[PDB]
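The data below hold one chain only, encoded as structure tokens and taken in the form deposited in one PDB entry.
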């Protein structure tokens, strides 16, 4: 007896340079010109059906909010329930489809995004979300494309992890999708498509109701359409934008919820968790919860640090994409002795940072923030820096929302390590600095940890190897992705993989399968 099986090897997607005069840069110019003055009417999609509700919404271009880039609509309770019923009816066949065949769909999609549709996806994230070319490219390759390929590899390989059969028994493991539907959730004004939120569970034989982010609707739908064109069957991913609280209430009330794959705030994730608990007796299976949230990320500097590494790494981490990354640095700890040199260089380099239209100027460092709500929040923080007796704005500080949601990169010194601006997430281009006494570095390391609530990333700058070892221990639970002499947002498995994707991590892909052990005796 014998069975045909498959194996899969994958390389990371290269990140293109887009050099002045290069060809990808040519196609991107064309894609961007394609979006200028254009809007897409994006329906909810249940099965192969396009559905409209009267609850119409608009995505605008962050750097030109006069430009409505998309019109969509919020699903209502009725539509969501139909989406659920149709997904459930499709699930069993999808679950039973061989993993090699499911993988092939995601590999096709990856290849489409890598080549024919790369310009399209980049342009839609640039125009629709305010990404610069380099930011959009990095995200397209390391996050979206790499996750499709490396998930597929992981799934195919997992399939090959099989028990040795010890006769008179034949043993095998079947990697079942979860029984029910998975809800994939990102916040209404999130800065990411979060394609992996629906993509990972789908790949593993699940069905998904995907509530994408309002502020990423254009690009999110572009990914959905590509998955479908690549051969994703109907009712595997339901495309269902919706009010955040309504979507949450509906899926956690469903007896058929088997999972929530969430990115967003800790309070929101806590709310969903509580709702699942409240309804625990009503579910046909125990829902699995996956939450990526946090955090107020830090760079700690020791007096032995390379000043230019600090300054370069910190400006980039704090201000790339307007500091709108889950991993962005928003707090800097510097020793009194090194502060004058660092402060000086920070300010000089701050002056080089170009803020503007990323489509018009590829020299742009970062662009407007995501939406009006975020512009408002950040402005309040700027006002707080300019008024609190503990706070001094050292650079930037101004904002203007007349054409786009534009905020200058802002550097703020705090005399108080416990100041709200040191502890609360702004998700904006606002860097706080605490200058600590050189004889108190050890104590300050402990301070970084103790003032860390939901710490995602962090970095230590130090040439002193002893200090690095010390910090690595003290800060062991102050950051999931921890960097030594590099920036907290990382640098250039999936290239954008990290703590959350590793075994034991909340987004480890194995969480979307329930292994069944089958044992046959002869």
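Rigid core: the largest C-alpha set superposing within 1.5 Å between the two forms. Numbering follows the first chain given and starts at 1.
One more form of this protein exists, namely the form deposited in another entry; it is left out here, but the text below deals with it.
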* Structure fact -> Shift test between the shown form and the other one (rigid core reference, C-alpha, 2 Å or more cutoff) over 140, 119, 260, 222 hits only 140
* Asked: For residue 188, is the CA shift between the shown form and the other one at least 2 Å following rigid-core superposition?
  -> yes
* Asked: Taking the rigid core as the reference frame, is the Cα of residue 7 displaced by 2 Å or more between the shown form and the other one?
  -> yes
* Asked: After superposition on the rigid core, does the Cα atom of residue 450 shift by at least 2 Å between the shown form and the other one?
  -> no
* **residue 502 and residue 428, C-alpha gap in the other form relative to this structure (3 Å or more)** => closer
* To do: Might you say whether the CA atoms of residue 505 and residue 448 end up closer or farther apart in the other form than in this form? Their distance differs by 3 Å or more.
  => farther
